[PDB]
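All residue numbers in this chain count up from 1 along the given sequence.
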Amino acid sequence: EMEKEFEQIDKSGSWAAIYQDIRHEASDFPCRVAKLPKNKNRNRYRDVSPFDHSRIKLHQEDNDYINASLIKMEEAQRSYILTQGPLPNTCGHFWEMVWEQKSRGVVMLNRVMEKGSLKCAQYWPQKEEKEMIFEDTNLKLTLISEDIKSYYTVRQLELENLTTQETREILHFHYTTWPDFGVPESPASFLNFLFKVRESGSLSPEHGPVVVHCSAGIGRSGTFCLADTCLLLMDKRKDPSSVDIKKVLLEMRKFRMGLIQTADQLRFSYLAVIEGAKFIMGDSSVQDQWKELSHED
Ligand SMILES: O=C(O)COc1c(C(=O)O)sc(-c2cccc(NC3CCN(S(=O)(=O)Cc4ccccc4)CC3)c2)c1Br
């Protein structure tokens, strides 16, 4: 049980040891397609690739590769697409995937520039007057509106399939203060953001899977998804004792390597889930508390 286990690991200092065990046991499947010579310029990191069995395939005969995996949580009944931050040459691919997979929401847990590095291309329009057109995949993207908060921004976008003139609204959730290789300021600010994603309907089973990305699509993205899945499992059974975080984390790693980069990110997962359980189990006031504590205004 997660709260006694958390106090146990903390009391010792075995978060490094605990975290390492996950790396030692994680699933190791082939990533043949991602390692093909022609896809070298489609991967941001040499050591972070999608497994062939769970990779998202683009619907085009030319090259159907994109560095993204489909994390399908059977028991929880919720899917995500975890992908790397789009490269200058893969933004078209990125939006093709969003469209083909019927995604309604896109979560961005990083900033374009972190520690002096360009962690992600500017794949979305920053001003309504200047929409973006991806000639390679034939899609248009327009900024419709945005709600800027102290540490995250929510953008309303419109994606048009230029070929069929079809249109869809895409909600963009940009967490701007989650440090790379780090953890959120507090469980409150994290959960406030997550619930913002939840309340938008983007995680609904009536849409395609939500697309989640930071830079490599495994560290911060993994932390976010693990916390969401754990709270969902718990929710489905209304029994926080039946949720084994490490077990579910392992299960997520069958669909994409390296989910959760650091021992502290894992420690924070526990933290976030433990706090989120309050809401899951009936506490109707915590939500607002999180909003206050997050200082979004
Ligand atoms: O968002 C963040 O918090 C940080 O984001 C980032 C980055 C960023 O924002 O700059 S770079 C990065 C990164 C890049 C290359 C390799 C590894 N790390 C390796 C470690 C070992 N693993 S693994 O998956 O544990 C290896 C393995 C594969 C299958 C089975 C067992 C082990 C692969 C990635 C990490 C991560 Br994540």
Do the side chains of [X] and [Y] join up, straight or via other hydrophobic residues, at under 4.5 Å, putting them in one cluster?
| X | Y | answer |
| --- | --- | --- |
| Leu157 | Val112 | yes |
| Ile245 | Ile71 | yes |
| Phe181 | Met113 | no |
| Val248 | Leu70 | no |
| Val183 | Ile18 | yes |

For [Y], is there any backbone N or O sitting under 3.5 Å from a side-chain donor or acceptor partner on [X]?
| X | Y | answer |
| --- | --- | --- |
| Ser12 | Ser14 | no |
| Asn39 | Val33 | yes |
| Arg256 | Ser54 | no |
| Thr137 | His93 | no |
| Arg155 | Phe173 | no |
| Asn161 | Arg168 | no |
| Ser186 | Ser189 | yes |
| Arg44 | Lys119 | yes |

* Pick out which of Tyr152, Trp290, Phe268 makes a ring-ring contact (aromatic ring centres under 6.0 Å, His included) with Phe190. =>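 So the option named by the test is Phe268.
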For the atom pair [atom1] ([X]) and [atom2] ([Y]), what is the distance rounded to the nearest 0.5 Å?
| X | Y | atom1 | atom2 | result |
| --- | --- | --- | --- | --- |
| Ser49 | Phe29 | OG | CZ | 15.0 Å |
| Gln101 | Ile81 | CD | CD1 | 4.5 Å |
| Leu231 | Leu194 | CG | CG | 6.5 Å |
| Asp239 | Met234 | CG | CE | 8.5 Å |
| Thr83 | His213 | OG1 | NE2 | 8.5 Å |
| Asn41 | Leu87 | CG | CG | 8.0 Å |

Indicate yes or no: does [X] engage [Y] in a salt bridge with an N to O separation below 4.0 Å.
| X | Y | answer |
| --- | --- | --- |
| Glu114 | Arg220 | yes |
| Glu251 | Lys254 | yes |
| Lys246 | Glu5 | yes |

* Might you work through the side chain to side chain contact (heavy atoms under 4.5 Å, CB included) test for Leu159 and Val98, ending with a clear yes or no? => CA-CA 9 Å; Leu159 208 195; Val98 166; 4.0 Å; yes
* To do: Using the side-chain hydrogen bond (donor to acceptor under 3.5 Å, both in side chains) rule, take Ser242 and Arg237 through it: C-alpha gap first, then chi angles, then the decisive distance, then the call.
  => CA-CA 8 Å; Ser242 67; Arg237 301 174 288 212; 2.9 Å; yes
* To do: Show your working on side chain to side chain contact (heavy atoms under 4.5 Å, CB included) between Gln8 and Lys11 and close with a plain yes or no.
  => CA-CA 5 Å; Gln8 199 175 79; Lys11 116 209 135 279; 3.1 Å; yes
Can you find a side-chain donor-acceptor pair between [X] and [Y] that sits under 3.5 Å?
| X | Y | value |
| --- | --- | --- |
| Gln287 | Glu199 | yes |
| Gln265 | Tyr19 | no |
| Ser204 | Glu206 | yes |
| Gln156 | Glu169 | yes |
| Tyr151 | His174 | no |
| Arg55 | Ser69 | no |
| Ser215 | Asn110 | no |

* Kindly write out the residues that satisfy salt bridge (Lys or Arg N to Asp or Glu O under 4.0 Å) with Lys115, not counting sequence neighbours, or none if the list is empty. =>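 Only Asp180 meet the salt bridge (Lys or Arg N to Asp or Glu O under 4.0 Å) criterion with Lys115.
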* To do: Report the relative orientation of the aromatic rings in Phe224 and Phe193; use parallel for angles under 30°, tilted for 30 to 60°, perpendicular for over 60°.
  =>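 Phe224 and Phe193: perpendicular rings.
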* Please work out whether the ring planes of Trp95 and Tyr123 are parallel, tilted or perpendicular, with thresholds of 30° and 60°. =>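 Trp95 and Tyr123: tilted rings.
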Should we say atom [atom1] of [X] is surrounded by more than 12 heavy atoms from elsewhere, each under 6.0 Å from it?
| X | atom1 | result |
| --- | --- | --- |
| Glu166 | CD | yes |
| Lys236 | NZ | yes |
| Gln60 | CD | yes |
| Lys72 | NZ | no |
| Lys247 | NZ | no |
| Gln165 | CD | no |
| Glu135 | CD | no |
| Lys238 | NZ | yes |

Compare every heavy atom of [Y] with every heavy atom of [X], then report the nearest pair and how far apart it is.
| X | Y | result |
| --- | --- | --- |
| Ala76 | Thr229 | CB-CG2, 4.0 Å |
| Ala277 | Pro240 | CB-CG, 4.4 Å |
| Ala34 | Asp52 | N-OD1, 4.3 Å |
| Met73 | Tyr80 | CG-CE1, 4.4 Å |
| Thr223 | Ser269 | CG2-OG, 3.8 Å |
| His53 | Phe255 | CE1-CD2, 4.2 Å |

* Under the side-chain hydrogen bond (donor to acceptor under 3.5 Å, both in side chains) criterion, do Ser285 and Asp283 qualify, and how do the steps go? -> CA-CA 6 Å; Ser285 65; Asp283 198 326; 2.8 Å; yes
* Going through the checks in order, is the side chain to side chain contact (heavy atoms under 4.5 Å, CB included) test met by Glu275 and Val273? -> CA-CA 5 Å; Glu275 178 58 32; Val273 176; over 6 Å; no
* To do: Determine whether the aromatic ring centres of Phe134 and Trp99 lie less than 6.0 Å apart.
  =>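 Not under 6.0 Å, so no.
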* To do: Verify the ring-centre separation between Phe94 and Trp124: is it less than 6.0 angstrom?
  =>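 Here the rings of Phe94 and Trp124 have centres that are no less than 6.0 Å from each other.
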* Compute both the distance and the angle, then confirm whether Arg198 meets the cation-pi test with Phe195: under 6.0 Å from the six-membered ring centre, within 45 degrees of the axis. =>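 Judged by the rule (NZ or CZ under 6.0 Å from the ring centre, within 45° of its axis), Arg198 counts as positioned above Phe195.
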* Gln84/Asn43 under side-chain hydrogen bond (donor to acceptor under 3.5 Å, both in side chains): CA gap, chis, key distance, verdict -> CA-CA 8 Å; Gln84 65 181 197; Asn43 302 312; 4.7 Å; no
